[PDB]
Amino acid sequence: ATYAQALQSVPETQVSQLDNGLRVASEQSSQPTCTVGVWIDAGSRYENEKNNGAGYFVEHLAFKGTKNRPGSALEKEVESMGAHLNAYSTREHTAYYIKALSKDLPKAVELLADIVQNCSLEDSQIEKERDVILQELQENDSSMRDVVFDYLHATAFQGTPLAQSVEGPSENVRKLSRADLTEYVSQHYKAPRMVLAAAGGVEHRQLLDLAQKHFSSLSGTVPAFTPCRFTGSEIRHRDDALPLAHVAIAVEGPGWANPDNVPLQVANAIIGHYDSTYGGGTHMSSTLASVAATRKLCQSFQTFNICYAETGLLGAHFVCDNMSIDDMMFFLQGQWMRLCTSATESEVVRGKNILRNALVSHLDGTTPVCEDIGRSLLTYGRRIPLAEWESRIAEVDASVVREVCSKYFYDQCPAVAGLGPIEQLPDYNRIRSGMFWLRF
Amino acid sequence: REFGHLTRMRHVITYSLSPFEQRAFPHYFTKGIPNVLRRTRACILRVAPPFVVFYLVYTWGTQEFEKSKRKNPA
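These protein sequence lines are chains 3A and 3G, in that order. Just so you know, the first sequence maps onto residues 2 to 222, 228 to 446 in the entry's author numbering. Just so you know, the second sequence maps onto residues 4 to 75, 82 to 83 in the entry's author numbering.
The structure is reproduced here in structure tokens:
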């Protein structure tokens, strides 16, 4: 088993398609557990200004009682057989997955059929949930990471649905009524926009039979989004009482398509990640992280690759004190243009290995495998096998990384979002000047 | 006196936009002219009166000089 043989030995993801348009897919294994869930193409990207937050609201209400299962009775099932019911709604995806035993798949799918089709939307339950969402919004206000990322989205995609947050404004939260929720679920939770993923010890034919027996009476056989526009801007929520200063700087990246994602991830793998409670410290190959550990510039930093259907954000997010924002902006831009102008071969090899490890280790356990299945059948349109990922990483070299970074980084207007004691944060002109090198 | 500890300031959000995505002469004449006229009107009544007095005394002094050298008859 020389790695490549191990990659070939990974079982494939069989994909089917119901008459209603449900893309039933499954990956068979030998584990005695399973994770089955539907991924829907709803989210804030498909939400208008007045509807903003309806997806989060309906996701909240989904588990709190159905039509056939009144209230906690549904929950009474999930705990009775040891299942873990969970959900998450991204800006472009929504999902409700139920961890269960391999022998509980016939029931679990049934529960899923109840959650997405025969929902309740009880008015009194809506009233109880409204204040809960308000308090959750207040809790997220203290989340200086999520707040900064929402600031980045708003200041990068201003004037487009992508700028909208997942939870939506509090005004919409209090305004939203049952009619809007049922209209939203009837318009977005359509069969062609749903994929019933199931990883673990589930046989694909059994999954197909269950889906045909439960998800049959869905929609027959329309929000298709609008191409959003990137607008290099900046938001400075100067608040000196905050202890640290979260900064996020991004550029218009690629989408789920546009294979340039694979080299680009490698570049991010070169920059890497670091925080105070790390290991080697002033020895890690990342020059950014090594310098940060040497001079203690920050408490954290990361490189994200948020990519949507047609566009996406590529950049970094660092958490540091008030007296070191300028230095880390300098070093981060220096690393970006070092990769842009002369990426070398050894760093590219290290990035390839890091990306290989990320993809391989991320896809362990039934939950990440099922999530990958559901997300890939929506974004890529196909569950990309790990062998294809290996080949695509292998094709990446120094010249490819330099070219792709030049395409996406060099002389590009970034979007900046700072929160906290960000007085040191250089003005947007200085950042944009850092986005190009005079020597080169 | 360096950026980072100039002062303390809270609850202020400022939005900007890249210079490469917005016009460098936005309504330079549509709104430039009314703004210039308002600025002129604000300070004209306090700027002009000294200089008009200066002009008046300039003409008076020069003409009084020229008249004083007129042969005078006497």
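Ideal Cβ placement from N, Cα and C applies to all residues, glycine included.
query: Roughly how many whole angstroms lie between the Cα atoms of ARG362 (chain 3A) and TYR98 (chain 3A)?; result: 27 Å
query: Per the DSSP calculation, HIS252 (chain 3A) is bridged to which residue(s)?; result: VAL325 (chain 3A), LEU425 (chain 3A)
query: Starting from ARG13 (chain 3G), find everything on chain 3A with Cβ-Cβ shorter than 8 Å and list it in chain order.; result: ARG244, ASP245, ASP246, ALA247
query: With a cut-off of 8 Å on the beta carbons, I'd call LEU384 (chain 3A) and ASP124 (chain 3A) a contact; round off their distance for me.; result: Incorrect: roughly 32 Å between the Cβ atoms, too far for contact.
query: Give a yes or no on whether the C-beta atoms belonging to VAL406 (chain 3A) and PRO269 (chain 3A) are separated by under 8 Å.; result: yes
query: If the criterion is Cβ atoms closer than 8 Å, does the pair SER282 (chain 3A) and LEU303 (chain 3A) meet it?; result: no
query: Looking at the unbroken alpha helix (DSSP H) that takes in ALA393 (chain 3A), where does it start and where does it end?; result: 392 to 401
query: Would you mind working out which of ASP245 (chain 3A), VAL133 (chain 3A), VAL37 (chain 3A) sits nearest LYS65 (chain 3A), comparing C-alpha positions?; result: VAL133 (chain 3A)
query: Round the Cβ separation of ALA423 (chain 3A) and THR91 (chain 3A) to the nearest angstrom and send it over; I've been treating them as touching at under 8 Å.; result: So it is not a contact: roughly 19 Å between Cβ atoms.
query: Hey, could you find the ends of the alpha helix (DSSP H) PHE64 (chain 3A) is sitting in?; result: 55 to 64
query: With 8 Å set as the bound, which would you pick, yes or no: does the beta-carbon of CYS419 (chain 3A) sit closer than that to a beta-carbon of chain 3G?; result: yes
query: What residues in its chain sit with their C-beta under 6 Å from that of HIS243 (chain 3A), if we drop five residues either side in the sequence?; result: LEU425
query: Taking the continuous alpha helix (DSSP H) assigned at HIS85 (chain 3A), which residues delimit it?; result: Taken as a continuous stretch (DSSP letters only), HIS85 (chain 3A) belongs to no alpha helix (DSSP H), being part of the beta strand (DSSP E) at 85 to 90.
query: Suppose you measure from the CA of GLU93 (chain 3A) to the CA of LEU431 (chain 3A); what does that come to, to the nearest Å?; result: 31 Å
query: Closest by CA to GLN308 (chain 3A), which one among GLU316 (chain 3A), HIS289 (chain 3A), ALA273 (chain 3A), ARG408 (chain 3A)?; result: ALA273 (chain 3A)
query: Report the rounded CA-to-CA distance for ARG131 (chain 3A) versus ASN311 (chain 3A), giving the unit in angstroms.; result: 33 Å
query: Would a check of beta-carbon distances place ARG438 (chain 3A) closer than 8 Å to chain 3G?; result: yes
query: Use the C-beta contact count for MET12 (chain 3G): other C-beta atoms within 10 angstroms, 16 or more gives buried, fewer gives exposed.; result: exposed
query: Can you tell me whether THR3 (chain 3A) is buried or exposed, with buried defined as 16 or more other CB within 10 angstroms of its CB?; result: exposed
query: With 8 Å as the limit, tell me which residues of the region 21 to 47 of chain 3G have their beta carbon closer than that to any beta carbon of chain 3A; keep them in chain order.; result: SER21, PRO22, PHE23, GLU24
query: Alpha carbons only, please: which of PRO33 (chain 3A), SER178 (chain 3A), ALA263 (chain 3A) is nearest the one belonging to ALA84 (chain 3A)?; result: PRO33 (chain 3A)
query: Since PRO162 (chain 3A) contacts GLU48 (chain 3A) with CB under 8 Å, what's their CB separation in whole angstroms?; result: 7 Å
query: Any beta-carbon of chain 3A closer than 8 Å to the one on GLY64 (chain 3G)?; result: no
query: How is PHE307 (chain 3A) classed by DSSP in three states: helix, strand or coil?; result: strand
query: Compare the C-alpha of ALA192 (chain 3A) against each of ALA74 (chain 3A), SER217 (chain 3A), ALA295 (chain 3A) and name the closest.; result: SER217 (chain 3A)
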